[PDB]
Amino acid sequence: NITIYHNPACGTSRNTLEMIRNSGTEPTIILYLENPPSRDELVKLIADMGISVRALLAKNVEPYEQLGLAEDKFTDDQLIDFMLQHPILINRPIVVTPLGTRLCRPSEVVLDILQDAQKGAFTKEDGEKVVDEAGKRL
């Protein structure tokens, strides 16, 4: 049972999706930009990821810039509500499996929570080797 909050226009997200597939399961794919999680779901993801609310913020997207979010003037709940109102602020990809939830940045973070091993060598789309044929992380 795997879910990925995916942005097809982001290389890290594409790389993550293909690593998931290379472990042999096809995940549930949520285009968070158009189908963002609910407030309750979003709080849970953040808790399960073990990161701060602010570490989940995508920088260099228009709401981050225009809302002044780089400044330390926002509570965590304010930041969660901005994320819900402007889903492009949610950094990507988030992946949930039976073993846990991670913000998969860099994409190979996802190897921690995939239950089955990669089924063969995996190379990122830009040529960066991740795992060889033997299954060793390079």
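The first residue of the sequence shown is number 1, and the count goes up from there.
Quiz item: Averaged over C-alpha atoms, is the B-factor higher for 106-114 or for 52-60 in this PDB entry?
Solution: Averaged over C-alpha atoms, the B-factors run higher in 52-60.
Practice problem: Would you mind comparing 39-47 and 78-86 for me and telling me which has the higher average C-alpha temperature factor in the entry? | Solution: Between 39-47 and 78-86, it is 39-47.
Quiz item: What's the residue among 99, 67, 29, 95 with the greatest CA temperature factor in the PDB record?
Solution: Largest recorded C-alpha B-factor: 29.
Quiz item: Based on the entry's values, in what third of the chain does the Cα temperature factor of residue 127 lie: lowest, middle or highest?
Solution: Within its chain, residue 127 is a lowest-third residue by C-alpha B-factor, going by the deposited values.
Practice problem: Using the B-factor values recorded in the entry, state whether the Cα atom of residue 25 falls in the lowest, middle or highest third among the modelled residues of its chain. | Solution: Highest third.
Self-check item: Third assignment of residue 134 from its chain's C-alpha B-factors
Solution: It falls in the top third of the chain.
Practice problem: Determine, from the deposited record, the chain-internal third of the Cα B-factor for residue 9: lowest, middle or highest. | Solution: Tercile = highest for this residue's CA B-factor.
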